[PDB]
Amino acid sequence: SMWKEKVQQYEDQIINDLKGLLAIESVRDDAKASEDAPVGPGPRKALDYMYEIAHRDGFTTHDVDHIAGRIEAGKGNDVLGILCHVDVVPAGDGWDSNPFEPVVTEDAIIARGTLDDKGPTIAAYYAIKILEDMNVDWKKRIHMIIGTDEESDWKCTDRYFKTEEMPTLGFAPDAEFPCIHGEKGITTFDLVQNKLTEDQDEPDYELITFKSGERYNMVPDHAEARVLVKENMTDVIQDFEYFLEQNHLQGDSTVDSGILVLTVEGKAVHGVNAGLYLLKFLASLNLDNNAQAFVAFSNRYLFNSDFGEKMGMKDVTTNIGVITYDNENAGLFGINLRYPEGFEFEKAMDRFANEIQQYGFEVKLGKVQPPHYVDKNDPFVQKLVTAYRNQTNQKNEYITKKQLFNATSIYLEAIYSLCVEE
């Protein structure tokens, strides 16, 4: 409530600006639109009005085709995004006032857009201003992004974000998928080998089975290969130990009646893939046709490509979490893939699936879930709810002076702690 009485000092100014904004009849008019006013004159003036008060108060602004724009504050690498709207739905008939003539009651402001979204826009705005008035030492930039087109849902695909920087965190009450960083996208898929049904001479080494990995999203910490050894057991055991030593790994081998069991420990999470290293050792040997192609595939595409590089998809992130092989079915890799907003996974998997068929392998992809914002997990959104709790216990549309100044003091708290650290 140091916040709350900090807002007390700006009361006149807040109501005055809100009045200015409310007096503009920023209702959509598609019939009157033009290049200068792509959703009508009304909304265009409301957007400009925000720019004017920003210029009046020393802030930089940036306009986008006269349909949306932003007010800029603060400094630092991260930008906090606060999205809102100054366009307004029409006045239903029979009000007990003129909807675009703000009436200032003893304790309330009555007009259209008092609730959505002009009250809150001004509230958000004055937060940034008041902090600017105190010469705070900003740690994050802020983009107060203002729209006029109710047909936008702020999608990464909608106009503003077609070209403008994504907020690294933020608040967007109305939007389902606003273009704001949050959760990385996710897919899983399998690389399945075509078993080559072809006779051959008896190899030095035959892979009977390979197993590594329980979950798509964990680094396998264990790998086991079982191998029928034709002649020389002693060299492969010696080389395996040297391999363990050179790559700083734990593992061992067991021999019984010509069956060699090779086992590698590795470290997990979601820290060394045991299966990939074990396949890397197997590539030095003369194996049967199918184990050889299977082992070679992992070396060409998978080994030491934590970040997609070898699949030419790289931060994008790939985990090889399942690895099987037997004589019968011929093995497969189960892949987990994470990616940030702005990676093209379609054309990527296209170039990959196509390029792989060369080696009798094919993609079978699982479900794909694209990158997206999660309000409830947004660091700002949480600080806002923390401050409500910390502070608080369309026809004839009105907003209370107390909701109005409550909102402001709440943005103030949350914004402060996230931008001037707290």
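Numbers follow the displayed sequence, beginning with 1.
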message = Are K230 and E231 truly consecutive in the deposited sequence, or are residues between them missing coordinates? Give the number as none, 1 to 3, 4 to 9, or 10 or more.
response = none
inquiry  = When the Cα temperature factors in the entry are averaged, is it 345-353 or 206-214 that ends up higher?
reply    = 345-353
ask   = Between 249-257 and 304-312, which has the larger average Cα B-factor in the PDB entry?
value = 304-312
ask   = Out of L282, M166, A124, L196, which one has a C-alpha B factor higher than all the others in the entry?
value = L196
ask   = If you check the C-alpha B-factor for each of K32, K395, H55, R70 in the entry, which is highest?
value = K395
Within-chain third of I15 by Cα B-factor, per the entry = middle
request  = Consider only the C-alpha atoms of the modelled residues in this chain, order them by B-factor as the entry records it, and name the third containing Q238: lowest, middle or highest.
outcome  = lowest
remark   = Entry-reported C-alpha B-factor of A414 relative to its chain, by third, is highest
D378 by Cα B-factor - lowest, middle or highest third of the modelled chain = highest
ask   = Lowest, middle or highest third of the chain for the C-alpha temperature factor of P120?
value = lowest
